[PDB]
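Before any questions on binding or motion, here is one chain by itself as structure tokens, the form deposited in one PDB entry.
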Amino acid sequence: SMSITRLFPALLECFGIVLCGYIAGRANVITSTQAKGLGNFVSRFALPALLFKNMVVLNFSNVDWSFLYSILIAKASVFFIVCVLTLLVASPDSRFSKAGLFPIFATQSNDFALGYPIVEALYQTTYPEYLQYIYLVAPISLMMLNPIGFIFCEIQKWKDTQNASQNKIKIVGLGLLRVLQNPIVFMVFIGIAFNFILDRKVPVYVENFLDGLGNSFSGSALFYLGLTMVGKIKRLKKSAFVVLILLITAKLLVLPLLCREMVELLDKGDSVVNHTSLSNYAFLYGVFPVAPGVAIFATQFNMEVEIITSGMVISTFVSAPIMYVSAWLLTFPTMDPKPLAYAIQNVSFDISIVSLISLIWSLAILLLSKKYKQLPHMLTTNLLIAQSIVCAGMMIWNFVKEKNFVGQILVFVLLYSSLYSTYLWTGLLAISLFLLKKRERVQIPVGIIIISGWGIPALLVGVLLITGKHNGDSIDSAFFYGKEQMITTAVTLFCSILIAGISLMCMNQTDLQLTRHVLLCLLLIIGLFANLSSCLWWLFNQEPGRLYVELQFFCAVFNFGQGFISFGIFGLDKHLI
């Protein structure tokens, strides 16, 4: 069905080159002026050669058109809903610029740079005909959705001049011609024409030239995307933070769900396995992040540039685990229950690799910058040390799951001590935030706080060791002692979430970077709430089923990739070192 084993190397390639571009950008290896030359090559030479080659050899007799217009209908619905509420809820003075750029932001995926290698990895050896749908949807979506936005931004541009009847021909033709000036649209126009002229075959004198210019698009576009991302996050207020969450949620969540529903409604027919594979491919298409062209478009308009640029550089990072989690969730009903446990173990192993490397970087940054002596930052350093042992414990646990009983007990004790320590360390950080906000001075001892965070989980692990039962022959780490282990994880998560939730709500009612400290506490609380519910689900219901498998998978991701979320918040920060 789907080669879900070879998706994680593709997500390593597509974001490791982006990380290389970002590292080269901050390092001062390639400045902003020099990054413009790399973008000029990619956007004028490599991308047109790639589009022209792949549409000359494209077979229009093979393409299932039902799938094609279902994906566009899904994208049209997302565009339709985002434009309507942007018109209702925004201020009249800038209602048109947002209504023309926000639905473009929520619909235009990064298909050619990020989407094509991921689809290529999952679908080359099983359904090789699904790769041509990338080159079909992205330019068709450009011609049929982008002109509608450009009229709205040009209407906002008419407002500043504030004269004449705006001469309605003059405005809609600029948006249509702005679309046609994109290199993607007319190279697709030339490729469709040359598909019938050359009879679906590239000339032999030109075949190698187009391959050499087209195969250089992938690595250089991801590198330039990483160079684009340097320092463009800026600071945003609550009203821009909230609209950014709403837009990125729209692009990465409700567009893929709309794609699945419209494909099952409109692409009717075919065999069941083909229908299921088409549905799975439809979910994967909507998860792709926003193309960097939208930030370019807001730049040329000089309208809502900060929000759209921040939205693009955030969505590319945020979509990296969403592709992985969503695709592995789709292959779960197709799998037998017994090798499903190996699938859960494989996902946690691949996540713990990325989480451990990012945690080493963030721990090194916090240690070398000597910021750990600061009052908010001491508790963060213990937390990051604890999260690193979790990821390293999964590396051990994957290879010793069927090993000797004594080694398994030691690995389980170490792994669950670090997991339980992570749970209460979120609450300790929240209590420290409440202490820095109100009740000036008379701060609690950091050593006593560290002793509680290091001792209470150890006491819980000892109680689970004393009162727990032996055996536990399972491939998953969460099932080794039985109901005693799940009761201990439920009590630790419920006490920590209630303590941190009270301290976080009390902080709002009441360099010392309290602006970002809170969000690292905030994103973990949603994780502890999902951790508590699965422990509650197992005790009250002993039957796995319709969502226990999905909830157990989500328990694995927020346990062994919490360092990734912490690194994204903390590690990418400017220091002296």
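All residue numbers refer to positions in the sequence shown, first residue = 1. C-alpha atoms forming the largest set that superposes within 1.5 Å between two forms make up the rigid core.
Asks: What is the count, as a class, of unmodelled deposited residues between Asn28 and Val29: none, 1 to 3, 4 to 9, or 10 or more?
Replies: In the record, the chain runs straight from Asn28 to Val29 with none unmodelled.
Keep in mind that the form deposited in another entry is missing from the display, and what follows is about it.
Asks: Pick from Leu265, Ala164, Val204, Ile197: whose Cα moves by 2 Å or more between this form and the one not shown, rigid core superposed?
Replies: With the rigid core superposed, the residue that stands out is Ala164.
Asks: For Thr125, is the CA shift between this form and the one not shown at least 2 Å following rigid-core superposition?
Replies: No, the C-alpha position differs by under 2 Å between this form and the one not shown.
Asks: With a threshold of 2 Å on the C-alpha, tell me if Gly472 counts as moved between this form and the one not shown once the core is superposed.
Replies: Moves: yes, 2 Å or greater.
Asks: Aligning on the rigid core, do we see the C-alpha of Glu440 shift 2 angstroms or more between this form and the one not shown?
Replies: Shift of 2 Å or more: yes.
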